[PDB]
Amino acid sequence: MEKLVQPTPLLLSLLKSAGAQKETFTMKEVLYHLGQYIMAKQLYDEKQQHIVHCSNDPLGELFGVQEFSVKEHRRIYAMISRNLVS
């Protein structure tokens, strides 16, 4: 069995706003729903498409950054992990 993780309240809220329906997820599912949220909110930089802008969105408070790159996978996992129940 793959390990299911449990988003804390803010992360869960964002995932559900993107269409998530449950309370526990695989990391793959968490990342999928976050990608949908980012696209839905149009947070991608228009020119450098690997950059996600968080300075105008609650995702900024959630991750604790102003912007991040989708190519920084260890960083993204770390930002998600701070928002899981242990």
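Just count from 1 along the sequence shown to find any residue number. We call the rigid core the largest set of C-alpha positions that still match within 1.5 Å between the two forms.
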Original post:
in 6 other deposited structures of this protein, superposed by the rigid core, which stretch departs further from the shown form in CA positions, 19-27 or 58-66?
Top reply: 58-66
Subject >> Which of 5-13 and 68-76 has higher mean CA B factor, as the PDB entry lists it >> reply: 68-76
Original post:
Taking only the CA atoms, which stretch has the higher mean B-factor in the record, 43-51 or 24-32?
Top reply: 43-51
**OP:** Sorting the chain's modelled residues by C-alpha B-factor, tell me whether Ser81 ends up in the lowest, middle or highest third.
**Re:** middle
